[PDB]
Structure formats: structure tokens, C-alpha cells
>>> print(open('my_file-v5.pdb').read())   # PDB, C-alpha atoms
ATOM      1  CA  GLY A   1     -64.475 -33.436 -71.224  1.00  0.00           C
ATOM      2  CA  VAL A   2     -63.119 -31.457 -68.353  1.00  0.00           C
ATOM      3  CA  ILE A   3     -65.813 -33.118 -66.236  1.00  0.00           C
ATOM      4  CA  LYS A   4     -65.397 -36.879 -66.311  1.00  0.00           C
ATOM      5  CA  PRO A   5     -68.355 -39.327 -66.104  1.00  0.00           C
ATOM      6  CA  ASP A   6     -66.857 -40.527 -62.779  1.00  0.00           C
ATOM      7  CA  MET A   7     -65.503 -37.781 -60.433  1.00  0.00           C
ATOM      8  CA  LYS A   8     -63.854 -37.934 -57.045  1.00  0.00           C
ATOM      9  CA  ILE A   9     -64.825 -35.667 -54.171  1.00  0.00           C
ATOM     10  CA  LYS A  10     -62.680 -34.226 -51.420  1.00  0.00           C
ATOM     11  CA  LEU A  11     -63.983 -31.736 -48.856  1.00  0.00           C
ATOM     12  CA  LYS A  12     -63.381 -30.087 -45.510  1.00  0.00           C
ATOM     13  CA  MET A  13     -66.038 -28.374 -43.410  1.00  0.00           C
ATOM     14  CA  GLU A  14     -65.324 -26.007 -40.542  1.00  0.00           C
ATOM     15  CA  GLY A  15     -68.502 -25.574 -38.575  1.00  0.00           C
ATOM     16  CA  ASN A  16     -69.950 -24.144 -35.410  1.00  0.00           C
ATOM     17  CA  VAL A  17     -73.485 -25.074 -34.239  1.00  0.00           C
ATOM     18  CA  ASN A  18     -74.913 -23.319 -31.165  1.00  0.00           C
ATOM     19  CA  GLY A  19     -71.359 -22.493 -30.054  1.00  0.00           C
ATOM     20  CA  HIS A  20     -69.993 -26.008 -30.641  1.00  0.00           C
ATOM     21  CA  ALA A  21     -67.003 -25.962 -33.033  1.00  0.00           C
ATOM     22  CA  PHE A  22     -66.144 -29.009 -35.212  1.00  0.00           C
ATOM     23  CA  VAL A  23     -64.282 -30.078 -38.339  1.00  0.00           C
ATOM     24  CA  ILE A  24     -65.332 -32.767 -40.791  1.00  0.00           C
ATOM     25  CA  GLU A  25     -63.368 -34.105 -43.750  1.00  0.00           C
ATOM     26  CA  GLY A  26     -64.795 -36.237 -46.478  1.00  0.00           C
ATOM     27  CA  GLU A  27     -63.884 -38.214 -49.595  1.00  0.00           C
ATOM     28  CA  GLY A  28     -66.370 -39.505 -52.127  1.00  0.00           C
ATOM     29  CA  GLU A  29     -67.229 -40.158 -55.736  1.00  0.00           C
ATOM     30  CA  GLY A  30     -70.132 -39.711 -58.077  1.00  0.00           C
ATOM     31  CA  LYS A  31     -71.485 -39.626 -61.573  1.00  0.00           C
ATOM     32  CA  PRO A  32     -72.005 -36.024 -62.649  1.00  0.00           C
ATOM     33  CA  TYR A  33     -74.130 -36.920 -65.714  1.00  0.00           C
ATOM     34  CA  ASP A  34     -76.250 -39.480 -63.818  1.00  0.00           C
ATOM     35  CA  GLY A  35     -76.907 -37.089 -60.948  1.00  0.00           C
ATOM     36  CA  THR A  36     -75.534 -39.282 -58.148  1.00  0.00           C
ATOM     37  CA  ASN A  37     -72.845 -38.784 -55.473  1.00  0.00           C
ATOM     38  CA  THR A  38     -71.650 -40.603 -52.307  1.00  0.00           C
ATOM     39  CA  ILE A  39     -69.351 -39.161 -49.633  1.00  0.00           C
ATOM     40  CA  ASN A  40     -67.616 -40.789 -46.690  1.00  0.00           C
ATOM     41  CA  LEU A  41     -67.298 -38.329 -43.745  1.00  0.00           C
ATOM     42  CA  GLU A  42     -65.190 -38.237 -40.597  1.00  0.00           C
ATOM     43  CA  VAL A  43     -65.446 -35.877 -37.617  1.00  0.00           C
ATOM     44  CA  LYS A  44     -61.873 -34.707 -37.083  1.00  0.00           C
ATOM     45  CA  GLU A  45     -62.530 -32.172 -34.300  1.00  0.00           C
ATOM     46  CA  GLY A  46     -65.519 -31.558 -32.046  1.00  0.00           C
ATOM     47  CA  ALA A  47     -66.612 -35.173 -31.543  1.00  0.00           C
ATOM     48  CA  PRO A  48     -69.115 -36.328 -30.615  1.00  0.00           C
ATOM     49  CA  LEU A  49     -71.384 -33.828 -32.363  1.00  0.00           C
ATOM     50  CA  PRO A  50     -74.138 -32.766 -29.925  1.00  0.00           C
ATOM     51  CA  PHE A  51     -76.759 -32.064 -32.638  1.00  0.00           C
ATOM     52  CA  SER A  52     -78.529 -33.713 -35.572  1.00  0.00           C
ATOM     53  CA  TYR A  53     -76.152 -34.688 -38.336  1.00  0.00           C
ATOM     54  CA  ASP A  54     -78.976 -34.087 -40.801  1.00  0.00           C
ATOM     55  CA  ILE A  55     -78.455 -30.309 -40.592  1.00  0.00           C
ATOM     56  CA  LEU A  56     -75.037 -30.838 -42.225  1.00  0.00           C
ATOM     57  CA  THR A  57     -75.644 -33.297 -45.050  1.00  0.00           C
ATOM     58  CA  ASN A  58     -76.967 -30.995 -47.726  1.00  0.00           C
ATOM     59  CA  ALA A  59     -73.727 -29.013 -47.348  1.00  0.00           C
ATOM     60  CA  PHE A  60     -71.652 -32.089 -48.217  1.00  0.00           C
ATOM     61  CA  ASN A  61     -72.384 -29.757 -55.365  1.00  0.00           C
ATOM     62  CA  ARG A  62     -75.018 -29.341 -58.092  1.00  0.00           C
ATOM     63  CA  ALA A  63     -72.475 -30.388 -60.728  1.00  0.00           C
ATOM     64  CA  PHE A  64     -73.838 -33.797 -59.645  1.00  0.00           C
ATOM     65  CA  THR A  65     -77.243 -33.271 -61.178  1.00  0.00           C
ATOM     66  CA  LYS A  66     -78.688 -34.969 -64.266  1.00  0.00           C
ATOM     67  CA  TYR A  67     -79.672 -32.306 -66.812  1.00  0.00           C
ATOM     68  CA  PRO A  68     -81.516 -32.591 -70.092  1.00  0.00           C
ATOM     69  CA  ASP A  69     -79.748 -31.073 -73.086  1.00  0.00           C
ATOM     70  CA  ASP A  70     -82.238 -28.228 -73.555  1.00  0.00           C
ATOM     71  CA  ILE A  71     -81.653 -26.660 -70.111  1.00  0.00           C
ATOM     72  CA  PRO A  72     -78.333 -24.787 -69.786  1.00  0.00           C
ATOM     73  CA  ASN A  73     -76.254 -26.368 -66.985  1.00  0.00           C
ATOM     74  CA  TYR A  74     -75.073 -23.437 -64.837  1.00  0.00           C
ATOM     75  CA  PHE A  75     -72.876 -25.655 -62.670  1.00  0.00           C
ATOM     76  CA  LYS A  76     -71.131 -27.798 -65.252  1.00  0.00           C
ATOM     77  CA  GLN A  77     -70.447 -24.804 -67.472  1.00  0.00           C
ATOM     78  CA  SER A  78     -68.549 -23.115 -64.683  1.00  0.00           C
ATOM     79  CA  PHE A  79     -65.709 -25.660 -64.761  1.00  0.00           C
ATOM     80  CA  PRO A  80     -62.803 -25.932 -64.662  1.00  0.00           C
ATOM     81  CA  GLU A  81     -62.887 -22.571 -62.823  1.00  0.00           C
ATOM     82  CA  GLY A  82     -65.837 -23.675 -60.690  1.00  0.00           C
ATOM     83  CA  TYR A  83     -68.361 -21.839 -58.585  1.00  0.00           C
ATOM     84  CA  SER A  84     -69.215 -20.895 -55.005  1.00  0.00           C
ATOM     85  CA  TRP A  85     -72.530 -21.026 -53.132  1.00  0.00           C
ATOM     86  CA  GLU A  86     -74.042 -19.404 -50.075  1.00  0.00           C
ATOM     87  CA  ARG A  87     -77.048 -20.898 -48.346  1.00  0.00           C
ATOM     88  CA  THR A  88     -79.468 -19.996 -45.584  1.00  0.00           C
ATOM     89  CA  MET A  89     -81.617 -22.610 -43.850  1.00  0.00           C
ATOM     90  CA  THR A  90     -84.484 -21.188 -41.849  1.00  0.00           C
ATOM     91  CA  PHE A  91     -85.896 -23.671 -39.383  1.00  0.00           C
ATOM     92  CA  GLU A  92     -89.466 -23.765 -38.084  1.00  0.00           C
ATOM     93  CA  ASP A  93     -88.440 -22.906 -34.571  1.00  0.00           C
ATOM     94  CA  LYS A  94     -86.035 -20.011 -35.355  1.00  0.00           C
ATOM     95  CA  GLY A  95     -82.866 -22.031 -35.648  1.00  0.00           C
ATOM     96  CA  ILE A  96     -80.737 -20.804 -38.564  1.00  0.00           C
ATOM     97  CA  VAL A  97     -77.844 -22.277 -40.540  1.00  0.00           C
ATOM     98  CA  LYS A  98     -75.773 -20.163 -42.889  1.00  0.00           C
ATOM     99  CA  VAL A  99     -73.294 -22.100 -45.049  1.00  0.00           C
ATOM    100  CA  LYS A 100     -70.818 -21.157 -47.753  1.00  0.00           C
ATOM    101  CA  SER A 101     -68.913 -23.491 -50.046  1.00  0.00           C
ATOM    102  CA  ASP A 102     -66.186 -23.085 -52.639  1.00  0.00           C
ATOM    103  CA  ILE A 103     -66.252 -25.750 -55.370  1.00  0.00           C
ATOM    104  CA  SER A 104     -63.089 -26.239 -57.371  1.00  0.00           C
ATOM    105  CA  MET A 105     -61.469 -28.939 -59.516  1.00  0.00           C
ATOM    106  CA  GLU A 106     -58.216 -30.962 -59.211  1.00  0.00           C
ATOM    107  CA  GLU A 107     -57.739 -33.416 -62.125  1.00  0.00           C
ATOM    108  CA  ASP A 108     -60.677 -35.851 -61.796  1.00  0.00           C
ATOM    109  CA  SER A 109     -61.809 -34.590 -58.408  1.00  0.00           C
ATOM    110  CA  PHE A 110     -64.068 -31.802 -57.172  1.00  0.00           C
ATOM    111  CA  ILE A 111     -62.751 -30.028 -54.057  1.00  0.00           C
ATOM    112  CA  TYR A 112     -65.072 -28.323 -51.523  1.00  0.00           C
ATOM    113  CA  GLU A 113     -64.099 -25.824 -48.822  1.00  0.00           C
ATOM    114  CA  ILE A 114     -67.172 -25.393 -46.599  1.00  0.00           C
ATOM    115  CA  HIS A 115     -67.862 -23.008 -43.688  1.00  0.00           C
ATOM    116  CA  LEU A 116     -71.053 -23.511 -41.653  1.00  0.00           C
ATOM    117  CA  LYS A 117     -72.551 -21.655 -38.730  1.00  0.00           C
ATOM    118  CA  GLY A 118     -75.800 -22.686 -37.027  1.00  0.00           C
ATOM    119  CA  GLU A 119     -77.327 -20.680 -34.231  1.00  0.00           C
ATOM    120  CA  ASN A 120     -80.352 -19.969 -32.106  1.00  0.00           C
ATOM    121  CA  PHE A 121     -81.468 -23.591 -32.135  1.00  0.00           C
ATOM    122  CA  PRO A 122     -83.773 -24.339 -29.191  1.00  0.00           C
ATOM    123  CA  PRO A 123     -81.376 -26.126 -26.832  1.00  0.00           C
ATOM    124  CA  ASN A 124     -83.861 -28.948 -26.139  1.00  0.00           C
ATOM    125  CA  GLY A 125     -85.584 -29.016 -29.517  1.00  0.00           C
ATOM    126  CA  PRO A 126     -85.286 -31.831 -32.085  1.00  0.00           C
ATOM    127  CA  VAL A 127     -82.105 -30.597 -33.808  1.00  0.00           C
ATOM    128  CA  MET A 128     -80.023 -30.184 -30.678  1.00  0.00           C
ATOM    129  CA  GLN A 129     -81.543 -33.328 -29.104  1.00  0.00           C
ATOM    130  CA  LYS A 130     -80.947 -35.371 -32.222  1.00  0.00           C
ATOM    131  CA  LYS A 131     -84.532 -36.292 -32.876  1.00  0.00           C
ATOM    132  CA  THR A 132     -84.432 -36.199 -36.681  1.00  0.00           C
ATOM    133  CA  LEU A 133     -84.802 -39.222 -38.946  1.00  0.00           C
ATOM    134  CA  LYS A 134     -84.012 -37.806 -42.404  1.00  0.00           C
ATOM    135  CA  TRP A 135     -84.771 -35.184 -45.007  1.00  0.00           C
ATOM    136  CA  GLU A 136     -87.907 -35.879 -47.012  1.00  0.00           C
ATOM    137  CA  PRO A 137     -87.285 -35.796 -50.762  1.00  0.00           C
ATOM    138  CA  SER A 138     -87.951 -32.376 -52.223  1.00  0.00           C
ATOM    139  CA  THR A 139     -87.854 -30.160 -55.248  1.00  0.00           C
ATOM    140  CA  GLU A 140     -85.564 -27.130 -55.653  1.00  0.00           C
ATOM    141  CA  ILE A 141     -86.808 -24.238 -57.835  1.00  0.00           C
ATOM    142  CA  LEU A 142     -83.911 -22.657 -59.734  1.00  0.00           C
ATOM    143  CA  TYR A 143     -83.996 -19.268 -61.450  1.00  0.00           C
ATOM    144  CA  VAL A 144     -81.709 -16.359 -62.264  1.00  0.00           C
ATOM    145  CA  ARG A 145     -81.633 -13.382 -59.931  1.00  0.00           C
ATOM    146  CA  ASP A 146     -79.135 -10.541 -60.358  1.00  0.00           C
ATOM    147  CA  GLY A 147     -77.118 -12.434 -62.967  1.00  0.00           C
ATOM    148  CA  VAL A 148     -76.461 -15.490 -60.749  1.00  0.00           C
ATOM    149  CA  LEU A 149     -78.562 -18.549 -59.910  1.00  0.00           C
ATOM    150  CA  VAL A 150     -80.894 -18.929 -56.914  1.00  0.00           C
ATOM    151  CA  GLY A 151     -82.322 -22.163 -55.537  1.00  0.00           C
ATOM    152  CA  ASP A 152     -85.364 -22.182 -53.207  1.00  0.00           C
ATOM    153  CA  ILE A 153     -86.578 -25.230 -51.329  1.00  0.00           C
ATOM    154  CA  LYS A 154     -89.421 -25.783 -48.897  1.00  0.00           C
ATOM    155  CA  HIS A 155     -87.926 -28.689 -47.011  1.00  0.00           C
ATOM    156  CA  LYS A 156     -89.111 -30.981 -44.231  1.00  0.00           C
ATOM    157  CA  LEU A 157     -87.181 -33.033 -41.696  1.00  0.00           C
ATOM    158  CA  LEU A 158     -88.892 -36.267 -40.662  1.00  0.00           C
ATOM    159  CA  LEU A 159     -88.660 -36.592 -36.890  1.00  0.00           C
ATOM    160  CA  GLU A 160     -88.555 -39.585 -34.622  1.00  0.00           C
ATOM    161  CA  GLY A 161     -92.148 -40.501 -34.072  1.00  0.00           C
ATOM    162  CA  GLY A 162     -93.257 -39.491 -37.526  1.00  0.00           C
ATOM    163  CA  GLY A 163     -93.817 -35.758 -37.330  1.00  0.00           C
ATOM    164  CA  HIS A 164     -92.134 -33.088 -39.419  1.00  0.00           C
ATOM    165  CA  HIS A 165     -90.204 -29.862 -38.980  1.00  0.00           C
ATOM    166  CA  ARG A 166     -90.148 -27.356 -41.844  1.00  0.00           C
ATOM    167  CA  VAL A 167     -86.878 -25.852 -43.066  1.00  0.00           C
ATOM    168  CA  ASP A 168     -86.706 -23.365 -45.889  1.00  0.00           C
ATOM    169  CA  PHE A 169     -83.504 -23.225 -47.939  1.00  0.00           C
ATOM    170  CA  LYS A 170     -82.293 -20.339 -50.080  1.00  0.00           C
ATOM    171  CA  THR A 171     -79.077 -20.855 -52.015  1.00  0.00           C
ATOM    172  CA  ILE A 172     -77.227 -18.380 -54.196  1.00  0.00           C
ATOM    173  CA  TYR A 173     -74.892 -20.057 -56.743  1.00  0.00           C
ATOM    174  CA  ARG A 174     -72.146 -17.959 -58.320  1.00  0.00           C
ATOM    175  CA  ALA A 175     -70.182 -19.230 -61.351  1.00  0.00           C
ATOM    176  CA  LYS A 176     -66.603 -17.980 -61.475  1.00  0.00           C
ATOM    177  CA  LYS A 177     -66.967 -16.996 -65.132  1.00  0.00           C
ATOM    178  CA  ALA A 178     -69.718 -15.975 -67.572  1.00  0.00           C
ATOM    179  CA  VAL A 179     -71.927 -18.962 -68.488  1.00  0.00           C
ATOM    180  CA  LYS A 180     -75.180 -19.340 -70.466  1.00  0.00           C
ATOM    181  CA  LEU A 181     -77.991 -18.745 -68.011  1.00  0.00           C
ATOM    182  CA  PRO A 182     -80.947 -21.083 -67.810  1.00  0.00           C
ATOM    183  CA  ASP A 183     -84.677 -20.214 -67.627  1.00  0.00           C
ATOM    184  CA  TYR A 184     -86.361 -21.320 -64.415  1.00  0.00           C
ATOM    185  CA  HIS A 185     -86.510 -25.043 -63.778  1.00  0.00           C
ATOM    186  CA  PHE A 186     -86.627 -27.582 -60.976  1.00  0.00           C
ATOM    187  CA  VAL A 187     -84.337 -30.173 -59.422  1.00  0.00           C
ATOM    188  CA  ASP A 188     -85.856 -33.216 -57.709  1.00  0.00           C
ATOM    189  CA  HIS A 189     -83.458 -34.516 -55.111  1.00  0.00           C
ATOM    190  CA  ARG A 190     -83.098 -37.085 -52.385  1.00  0.00           C
ATOM    191  CA  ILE A 191     -80.393 -37.193 -49.727  1.00  0.00           C
ATOM    192  CA  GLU A 192     -79.716 -40.000 -47.294  1.00  0.00           C
ATOM    193  CA  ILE A 193     -77.315 -41.002 -44.604  1.00  0.00           C
ATOM    194  CA  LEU A 194     -76.555 -44.538 -45.819  1.00  0.00           C
ATOM    195  CA  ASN A 195     -74.758 -45.512 -42.624  1.00  0.00           C
ATOM    196  CA  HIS A 196     -73.344 -43.981 -39.448  1.00  0.00           C
ATOM    197  CA  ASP A 197     -71.536 -45.143 -36.345  1.00  0.00           C
ATOM    198  CA  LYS A 198     -73.012 -44.471 -32.867  1.00  0.00           C
ATOM    199  CA  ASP A 199     -72.148 -40.821 -32.576  1.00  0.00           C
ATOM    200  CA  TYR A 200     -71.961 -40.049 -36.332  1.00  0.00           C
ATOM    201  CA  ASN A 201     -68.187 -39.756 -36.191  1.00  0.00           C
ATOM    202  CA  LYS A 202     -68.139 -41.830 -39.401  1.00  0.00           C
ATOM    203  CA  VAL A 203     -71.004 -41.219 -41.879  1.00  0.00           C
ATOM    204  CA  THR A 204     -71.691 -42.079 -45.514  1.00  0.00           C
ATOM    205  CA  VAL A 205     -74.027 -39.695 -47.402  1.00  0.00           C
ATOM    206  CA  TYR A 206     -75.770 -40.339 -50.725  1.00  0.00           C
ATOM    207  CA  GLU A 207     -77.659 -37.885 -52.886  1.00  0.00           C
ATOM    208  CA  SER A 208     -79.494 -38.115 -56.195  1.00  0.00           C
ATOM    209  CA  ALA A 209     -80.621 -35.061 -58.207  1.00  0.00           C
ATOM    210  CA  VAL A 210     -82.339 -34.619 -61.580  1.00  0.00           C
ATOM    211  CA  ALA A 211     -83.298 -31.389 -63.324  1.00  0.00           C
ATOM    212  CA  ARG A 212     -86.494 -30.964 -65.267  1.00  0.00           C
ATOM    213  CA  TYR A 213     -89.042 -28.528 -66.618  1.00  0.00           C
TER     214      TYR A 213
END
>>> encode(input="my_file-v5.pdb", output="C-alpha cells")
Amino acid sequence: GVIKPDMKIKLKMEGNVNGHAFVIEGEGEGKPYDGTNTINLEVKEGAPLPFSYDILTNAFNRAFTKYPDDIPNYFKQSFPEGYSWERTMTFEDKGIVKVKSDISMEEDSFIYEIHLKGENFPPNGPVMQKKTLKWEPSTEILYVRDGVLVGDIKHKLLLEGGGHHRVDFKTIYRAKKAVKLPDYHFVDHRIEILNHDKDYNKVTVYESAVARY
């Protein structure tokens, strides 16, 4: 196979949140057919980040999703050419993150080039004052729109103290060649920061994702 059962991950993100510019690079590995991936991440510019690292982690590849055989796999079919995605994250309190990523392949590695811009976050709200705990697990709904694939999620951040903040995600996935398109389906995922240093200059992220009817 062009996609191996064990794939490396290399990525760079250029981002700007509420006017604060930063660059993060990461290297990881995962199991595309098991739906798991792990990435080690270092802030290269812009340290220490003055906002919640959780608004970045979903940006750090649905080729790492476990799919049954009777649902066409839009992401894996796109390789070796790959695919790009554009995402909008609409926060409860009017903050917004717009992110784009290019996913390519180099031998047994996926390569991501990510650009992220967050703005209009309340300066003293939970994202900019780093009061998040994690993303709750959630379920993406995937379906074709306009020939490409769309993913909707109604997400929640768990905050310090136990409350939640809603965040709605819309992603448009665009394969770089014609692929067999799937009927609508769902992807159950979980994402976690496994470890971080004091200011999140060094972070390890883990995600698990499984498609189903």
C-alpha cells in the first residue's frame, strides 16, 4: 500500500491568535488503519503562548481514522496526491478560528502545512486566560456538499471548574483527485494533550477516530 500501517507525521503551523503570532513544529506517528495518531509539538516562535493550547490541537489528518470496508474512505483514497482542508471554529462568545491545512506524503510520512488565525476572542475570557481543561469527546457528521466532503461538529471545551464552552466546527475537505464519494456517516473522536511543560512550549497530542454508520 501507498499508506503504510505505521506512518510518520511532520508538520509546521504558522498561527496568529488575537494579534499574537507564533510558529509550532511537530513530529509524530500513528496507525492509519487503527485510527490513532500522536504528535510531539514545539513552539518555535511566539513563546510563551498567551492563550489556551486547546484551540490548536484539532489542527495538529482524517487519514488517521478507522473505517469499515463498506464506507468509501475519502481521505485514504486521495493519496499519494493528498488533500487539503479548511475549517472554521465558532466559539460561544464570538471568538473565531479559521484554519487551513495541506496534507501531503513523503515516503512513509504525512506532511502538514497549517495556517491558523484566531480573532475576536474576549481578552479576559477562558480561551485567552487559559481556563480550558480539554475537548470533550464528540462525533463529526460527514457528508458530500458540492462534490467535496464536509464535516460538522458541535463541540464543547471543558473549563476549569467543570463548566463548558460550546464551539461549532465546520470543515471542508478537498481531495486532490477524483475519489469515490461516501454517503453520510459519522466519526467518533477523542483528542487529548497527553503532556505539556509549564507554558505548553513542549506538548504531546493524541487523537483517536473511528468512522461508523
>>> residues_near_point(input="my_file-v5.pdb", point="(-61.5, -26.9, -48.4)", cutoff="7 Å", atoms="only C-alpha atoms", output="PyMOL selection string")
chain A and resi 11-13+111-114
>>> closest_residue(input="my_file-v5.pdb", among="A:177, A:198, A:145, A:98", to="residue 117 in chain A", atoms="only C-alpha atoms")
A:98
>>> resolve_selection(input="my_file-v5.pdb", expression="the PyMOL selection byres ((chain A and resi 130-139) around 9)", output="VMD selection string")
chain A and resid 50 to 54 125 to 129 140 to 141 152 to 162 164 to 165 186 to 193
>>> residues_near_point(input="my_file-v5.pdb", point="(-84.9, -22.5, -69.1)", cutoff="9 Å", atoms="all atoms listed in the file", output="MDAnalysis selection string")
chainID A and resid 70:72 143 181:185 213
>>> closest_residue(input="my_file-v5.pdb", among="A:24, A:96, A:144, A:175", to="residue 83 in chain A", atoms="all atoms listed in the file")
A:175
>>> atom_distance(input="my_file-v5.pdb", atom1="CA of residue 69 in chain A", atom2="CA of residue 6 in chain A")
19.0 Å
>>> closest_residue(input="my_file-v5.pdb", among="A:207, A:119, A:27, A:14", to="residue 89 in chain A", atoms="all atoms listed in the file")
A:119
>>> resolve_selection(input="my_file-v5.pdb", expression="the PyMOL selection byres ((chain A and resi 171) around 9)", output="list in words")
residues 85, 86, 87, 88, 89, 149, 150, 151, 152, 153, 169, 170, 172 and 173 of chain A
>>> atom_distance(input="my_file-v5.pdb", atom1="CA of residue 62 in chain A", atom2="CA of residue 2 in chain A")
15.9 Å
>>> residues_around(input="my_file-v5.pdb", residues="residue 66 in chain A", least_positions_apart="3", cutoff="7 Å", atoms="only C-alpha atoms", output="number ranges by chain")
A: 32-35, 209-211
>>> atom_distance(input="my_file-v5.pdb", atom1="CA of residue 16 in chain A", atom2="CA of residue 115 in chain A")
8.6 Å
>>> closest_residue(input="my_file-v5.pdb", among="A:166, A:212, A:20, A:8", to="residue 47 in chain A", atoms="only C-alpha atoms")
A:20
>>> closest_residue(input="my_file-v5.pdb", among="A:55, A:63, A:97, A:205", to="residue 42 in chain A", atoms="all atoms listed in the file")
A:205
>>> resolve_selection(input="my_file-v5.pdb", expression="the PyMOL selection byres ((chain A and resi 203) around 10)", output="list in words")
residues 26, 39, 40, 41, 42, 43, 53, 57, 193, 194, 195, 196, 197, 198, 199, 200, 201, 202, 204 and 205 of chain A
>>> residues_around(input="my_file-v5.pdb", residues="residue 120 in chain A", least_positions_apart="2", cutoff="9 Å", atoms="only C-alpha atoms", output="VMD selection string")
chain A and resid 17 to 18 93 to 96 118 122 to 123
>>> closest_residue(input="my_file-v5.pdb", among="A:91, A:22, A:79, A:121", to="residue 105 in chain A", atoms="only C-alpha atoms")
A:79
>>> decode(input="my_file-v5.pdb", residues="range 187-208 of chain A", atoms="N, CA and C atoms", output="compact mmCIF listing (two decimals), in the first residue's frame")
# COMPACT_ATOMS: atom_id res chain seq x y z
N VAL A 187 -17.96 10.20 12.52
CA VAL A 187 -16.65 9.84 13.06
C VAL A 187 -16.63 10.23 14.52
N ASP A 188 -16.51 9.25 15.40
CA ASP A 188 -16.36 9.43 16.83
C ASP A 188 -14.89 9.71 17.09
N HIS A 189 -14.61 10.86 17.72
CA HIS A 189 -13.18 11.06 18.03
C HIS A 189 -12.99 11.58 19.44
N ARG A 190 -11.72 11.44 19.85
CA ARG A 190 -11.24 11.91 21.14
C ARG A 190 -9.85 12.49 20.90
N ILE A 191 -9.58 13.66 21.47
CA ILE A 191 -8.29 14.28 21.37
C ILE A 191 -7.87 14.74 22.78
N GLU A 192 -6.58 14.54 23.02
CA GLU A 192 -6.02 14.79 24.35
C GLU A 192 -4.62 15.35 24.25
N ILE A 193 -4.34 16.31 25.14
CA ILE A 193 -2.95 16.66 25.38
C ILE A 193 -2.46 15.67 26.43
N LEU A 194 -1.57 14.76 26.04
CA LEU A 194 -1.01 13.76 26.91
C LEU A 194 -0.05 14.34 27.94
N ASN A 195 0.71 15.34 27.56
CA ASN A 195 1.62 16.01 28.47
C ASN A 195 2.00 17.38 27.92
N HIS A 196 2.38 18.27 28.81
CA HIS A 196 2.83 19.61 28.41
C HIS A 196 3.80 20.11 29.47
N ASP A 197 4.71 21.00 29.04
CA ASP A 197 5.52 21.68 30.05
C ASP A 197 4.74 22.92 30.52
N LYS A 198 5.30 23.70 31.42
CA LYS A 198 4.61 24.80 32.09
C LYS A 198 3.87 25.74 31.14
N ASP A 199 4.58 26.20 30.12
CA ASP A 199 3.87 27.15 29.24
C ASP A 199 3.45 26.53 27.93
N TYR A 200 3.38 25.21 27.85
CA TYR A 200 2.98 24.49 26.62
C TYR A 200 3.95 24.70 25.46
N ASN A 201 5.22 24.98 25.81
CA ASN A 201 6.22 25.10 24.75
C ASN A 201 6.52 23.75 24.11
N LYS A 202 6.35 22.69 24.91
CA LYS A 202 6.52 21.30 24.50
C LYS A 202 5.24 20.56 24.85
N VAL A 203 4.52 20.01 23.88
CA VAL A 203 3.25 19.34 24.08
C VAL A 203 3.25 18.05 23.28
N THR A 204 2.63 17.01 23.83
CA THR A 204 2.30 15.80 23.08
C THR A 204 0.78 15.68 22.97
N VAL A 205 0.27 15.51 21.77
CA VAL A 205 -1.15 15.36 21.46
C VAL A 205 -1.44 13.94 21.00
N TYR A 206 -2.58 13.42 21.40
CA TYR A 206 -3.06 12.11 20.96
C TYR A 206 -4.49 12.22 20.48
N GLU A 207 -4.80 11.50 19.40
CA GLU A 207 -6.19 11.53 18.94
C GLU A 207 -6.56 10.12 18.47
N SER A 208 -7.81 9.76 18.69
CA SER A 208 -8.36 8.50 18.20
C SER A 208 -9.65 8.82 17.46
